[PDB]
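Below sits a lone chain in structure tokens, taken as the form deposited in one PDB entry.
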């Protein structure tokens, strides 16, 4: 099934499975940074996002890095249905990214596409930071964006992106090669989704 570690380690408690998946994927995130692999990823495309997703979740989620084949929703919002996900990703690949407005709009469209069965939030926040670094020489200090504010802004974003754009704009930092900003952002990004067991840099 989708959680490849669930049967492998015979785990029947939701919290223990959550902790193990957090540990493995954060190990992978730490390696992605410390190996320098994060600097050799295509920026602003679904190919780069797919690479990030596979890197984080290979041997954790079945078909990591590959588009889902099932329709999904959060709250009352239906993400792009599978039937046109391909064309959605093509359109996102050609969207411009020369200023904060365009980059945030591109991030919002990629969240609407929501191409994977799981792991969209964490992978796409890494992807967004790479776009911001390449184009604005900034990255997000994610700790400066309150979790509940971020989630509300993303819920609002398919209709209007002003909330998420304001939060991102006020969280930007020029410390784009600072390892500490990256690792703290990984921990905050995982906390957004309900993973709080590990610090990435202690793995």
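Numbering follows the first chain given and starts at 1. Between two forms, the rigid core is defined as the largest C-alpha subset superposing within 1.5 Å.
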Would you determine, from the values in the PDB entry, which of 6-14 and 189-197 has the greater average C-alpha temperature factor?
6-14
119-127 versus 85-93 - greater average Cα B-factor per the deposited record:
85-93
Which of these has the highest Cα B-factor in the record: 28, 35, 157, 143?
35
Grab the CA temperature factor for residue 98 from the record and place it in the lowest, middle or highest third of its chain.
highest
Relative C-alpha B-factor of residue 22, binned into the chain's lowest, middle or highest third
lowest
Report the third (lowest, middle or highest) to which the CA temperature factor of residue 60 belongs, ranking only the modelled residues of the same chain.
middle
Chain-relative C-alpha B factor for residue 161 (record values, thirds): the lowest
Quick one: classify residue 135 as lowest, middle or highest third of the chain based on its Cα B-factor.
highest
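We do not show the form deposited in another entry, though everything after this point is about it.
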Comparing between the shown form and the other one on the rigid core, is the C-alpha shift at residue 194 2 Å or larger?
no
Rigid core superposed, CA of residue 24 - does it shift 2 Å or more between the shown form and the other one?
no
